[PDB]
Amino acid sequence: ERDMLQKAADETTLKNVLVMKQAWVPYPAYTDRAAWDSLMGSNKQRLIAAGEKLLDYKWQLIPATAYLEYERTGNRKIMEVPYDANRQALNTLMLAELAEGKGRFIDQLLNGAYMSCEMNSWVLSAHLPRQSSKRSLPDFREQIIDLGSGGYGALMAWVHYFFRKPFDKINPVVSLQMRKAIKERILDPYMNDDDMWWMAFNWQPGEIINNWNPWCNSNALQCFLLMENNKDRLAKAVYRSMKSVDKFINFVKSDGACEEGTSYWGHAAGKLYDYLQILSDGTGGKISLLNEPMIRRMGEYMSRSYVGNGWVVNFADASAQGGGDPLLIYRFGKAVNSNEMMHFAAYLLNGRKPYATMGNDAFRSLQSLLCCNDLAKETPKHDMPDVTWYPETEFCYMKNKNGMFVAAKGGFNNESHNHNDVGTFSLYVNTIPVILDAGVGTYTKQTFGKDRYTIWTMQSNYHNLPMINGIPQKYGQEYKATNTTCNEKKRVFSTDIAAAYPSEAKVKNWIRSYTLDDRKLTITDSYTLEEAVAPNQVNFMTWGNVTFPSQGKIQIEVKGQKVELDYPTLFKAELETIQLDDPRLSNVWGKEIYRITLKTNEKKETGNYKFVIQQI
């Protein structure tokens, strides 16, 4: 309960600082060719060519049966593919006409606008069932807002903004109808319906708030700034949006870590960024949270979590492969003054020149024009401290100058997209995973619900952890780490994992600690049991070519990198193959990965283990 936005301003403040008549718009007038040419640079010929490919595009109708099919079989794409094709065509035509300015794409822009007004709804078939009737087919008497419609509305709102005058010379009824449509589909419902789930008014402990909140609020805000010219109404809308986005800010951890990982980052933190940018532009910079430390940390998480060559930290149900929109990361970094994020975005270009963002997100497409020149000039660098420590999320990243990156966590077995992974770690060498975290599989019916933890990728058994007295970690809020420390100077992470295990595990304490020096990672386990009932087992997950050249040495060679894992000789080491049937995994790891199991006949109440990993 920080309520940063409500603290920065109330409705009265708003009315005083809002900029009317779209005077906040940062792009040249459509008629201002010279300014368009300077801004566009070599985006110009590129966008013109993209536009030219759409001069005979046939606007796709979406049939009733395409919406009905979501109820019949679960099929989303039958409806979404034509929808998105139309939305991308309209977005591209907008950029091409800005680029050229000779009227050549105006007729297709007009067609696209008009057809969109004729559609009963801009809501995806998969989301329409939130409406009162609970059906997947649009109900012409009612509109809700979803991720799609919000974006559709904002795009239409921008097309109205740039092309009203040429449209009106052709026939003023087109722009009239667009204003009515955006009113019925965005403005009205946004103001009149308090109960949309992603707005999070009336939010209750236990309910979820997620990326839908800053994403939909950012799209709504644009529609208001572009289309609502009554200031009393506008101030009320904007204020409503700040109270709504305050709920998201409130729920997010202050340390800046996105515990869903980097593939939500873009539409989570990145749409919070978008929202604050639009809110700042809309108030002449007077209502801005972009200087807040927390916002900078949310941005930088993308940088710190990105190991290299596509590989990212992937605690929880998250892909080990990752990436980002470099242009967005730049604009975010510039806005919160992170040179790290700006250098990072240039590194993420992989030596390409930055061009306009295409797709269907008007705001991002337009904003990408403003940033291309500067990002093109930025020096590519992925620098960062040796240690990043997120104390509230309990994620610790530690690196050395000879290519080792370790990610470790404390936490609790009820995070978003939870894996039972209190205490785990991941090791990368020159960006390549060497001790890995499997990550996300294809969804089944067992994925949510009891039985979630019957899927192997969610079990502690298949993370880099012990089975204490042969027992794994248990799912649940109070199965958790205690006394997690990170000593940033010495690169020591340490946590007691005992409480993440159930009573059957009969453990008092188990301290799992990671130390990273310039050449090597040392893992230690120091444990006290209530009763020695079964041998403990220690597991490590890996891939490539694994060899066992003597007791207790394992060598791992993968993608050019080579390590040795030194383990206590009381342990017998075995390698189990895990043939990957699931494409969502085999597309990251290939055909198979391995669990190294370490098993003993010894049983005692007290013990410690040391393991050491170094390059060779």
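A residue's number is simply how far along the shown sequence it sits, counting from 1.
Taking the PDB entry as given, 256-264 carries the higher mean Cα B factor of the two stretches 420-428 and 256-264.
Mean CA temperature factor is higher for 374-382 when stretches 99-107 and 374-382 are set side by side in the entry.
Among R240, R185, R519, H160, the highest C-alpha B-factor recorded in the PDB entry belongs to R519. Remark: of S365, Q537, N210, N219, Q537 shows the highest value [criterion: C-alpha B-factor in the PDB entry]. Sorting the modelled residues of the chain by their CA temperature factor places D325 in the middle third. In the PDB entry, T12 places in the middle third of its chain by CA B-factor. Per the PDB record, residue ranking by Cα B-factor puts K445 in the highest third of the chain. The deposited CA B-factor of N43 belongs to the lowest third of values across its chain. Per the deposited record, the Cα B-factor of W36 falls in the lowest third when ranked against the other modelled residues of its chain.
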